[PDB]
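Numbering (the entry's author numbering), first residue to last: 6 to 61. Report on one structure; see the data block that follows.
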Amino acid sequence: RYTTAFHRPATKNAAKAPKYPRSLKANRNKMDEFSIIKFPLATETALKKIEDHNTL
RNA sequence: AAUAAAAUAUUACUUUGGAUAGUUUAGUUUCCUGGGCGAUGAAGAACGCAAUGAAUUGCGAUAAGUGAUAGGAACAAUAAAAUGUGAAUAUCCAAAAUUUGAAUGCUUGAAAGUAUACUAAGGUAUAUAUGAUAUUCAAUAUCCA
Numbered sequence: 006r007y008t009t010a011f012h013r014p015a016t017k018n019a020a021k022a023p024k025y026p027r028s029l030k031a032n033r034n035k036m037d038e039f040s041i042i043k044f045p046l047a048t049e050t051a052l053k054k055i056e057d058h059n060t061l
């Protein structure tokens, strides 16, 4: 057979097909635009940057 | 020989101290009933959440609370808003339940992360051992054309 090493023969490999759902969690993303941003920083340091550097 | 400044003694008042007396939402022991946790993710740990919170209590991105069912007019340190079209308060109920932890895709030091598949971001499944069934294979191991 021109080689010595014996390996495990490859067989058929079906994909996972569960008979019932594994989770029933609601498909709602809890990290949206309204949750990512809490509030702007209102310190005197953060106000100076908004004018000269045009940064929020 | 003399002095009463210091010293000593008694009592009253005050002071430092916290004994004594009065008291108990705390313990100790015995007895009765149960002895009801977890891969449907437990016990434990960590982080976060109150209009003003540091601890503690309760809770989990629906946060000192949501729905439902009872319940009947409060809470308060200070404001506010809501409230008999239902405030407090109660629960073996419903939804929801962050990071971990047997911890279970791989890694984990105080480590930030990251692979594939299914349904960019999100969410699920994939550790080890094991029983049944299905399917694909390996070995002339026994026959065997």
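The C-beta atom is built at its ideal place from N, Cα and C for all residues, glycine as well.
In this structure, the alpha-carbon of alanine 15 lies about 40 Å from that of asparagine 34. Annotation for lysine 54: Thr60 place their beta carbon closer than 7 Å to its own, counting only its chain and skipping 5 residues before and after.
Cβ-Cβ distances below 6 Å link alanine 51 to nothing in the same chain once the five nearest sequence neighbours on each side are left out.
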